[PDB]
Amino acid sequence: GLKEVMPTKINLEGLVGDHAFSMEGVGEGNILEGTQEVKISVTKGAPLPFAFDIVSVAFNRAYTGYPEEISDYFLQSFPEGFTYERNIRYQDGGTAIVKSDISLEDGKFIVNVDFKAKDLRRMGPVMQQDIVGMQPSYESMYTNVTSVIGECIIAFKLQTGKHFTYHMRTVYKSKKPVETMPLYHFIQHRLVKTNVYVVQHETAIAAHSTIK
């Protein structure tokens, strides 16, 4: 029950330290090519005390470009869709948890996410808003029983030219059984803000190692 280019509505609720907030995202993307673009606003708790970029990853693996040769867990989850449970540890010892449900209502991806972070250092890049944006990444993907785990190191480039990184571990779950589970592979990401009351773009392409 999908189309090549798919609209999405994304509702986010969150706590970062003691700060409660709400954001909503709207956009569309190509589920064959692996591109999305979402316009994101705060609907509550603005201004934000922390770098916007920490929620970038929160705002749908349905939008990734899968080669024939690799099993496409995310697509195969539909029309039911999938959820994920994401843990993040920033290099400072701060952590975040991100729970999300990707459902499909009508010809639309409907995403409800709960975002919670704690122990972010007061004088570190996030709380001081010293982040320029994310670098590209390669998320290792692999099956564990009926679920697919993704793991990567995400780097924030800082105003100063240095980087600040985090470990992200995501367990994805198709709501309805997926018959063929994928072999170990990578999804290369590149997520960037293409206009600041924010629009981000992400290109996500799955592939095996290109080393013979």
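Basically, rigid core = biggest C-alpha set you can superpose within 1.5 Å across the two forms. One rule holds for the numbers: they count along the sequence shown, beginning at 1.
- Taking 74 to 82 and 87 to 95 in turn, the stretch whose Cα atoms are more displaced from the shown form in 4 other deposited structures of this protein following rigid core superposition is 74 to 82.
- Larger root-mean-square CA separation from the shown form, computed after a rigid core fit of the structures in 4 other deposited structures of this protein, is seen for 174 to 182 when 157 to 165 is set against 174 to 182.
- The segment from residue 196 to residue 197 is interrupted, since 4 to 9 residues of the deposited sequence in that interval carry no coordinates.
- Where residue 59 is followed by residue 60 in the displayed chain, the model omits 1 to 3 of the deposited residues that sit between the two.
- When the C-alpha B-factors of 184 to 192 and 17 to 25 are averaged, 17 to 25 comes out higher.
- 142 to 150 and 171 to 179 differ in mean CA B-factor, and the higher of the two is recorded for 171 to 179.
- Looking only at 155, 38, 55, 70, the residue with the top Cα B factor in the deposited structure is 38.
- Sort the chain's modelled residues by C-alpha temperature factor and residue 105 lands in the highest third, per the entry.
- In the deposited entry, the Cα temperature factor of residue 118 sits in the top third of values across the chain's modelled residues.
- In the deposited entry, the Cα temperature factor of residue 207 places it in the lowest third of its chain's modelled residues.
- Ranked against the other modelled residues of its chain, the C-alpha B-factor of residue 79 as given in the entry falls in the highest third.
- Remark: residue 162 belongs to the middle third of its chain, ranked by C-alpha B-factor as recorded.
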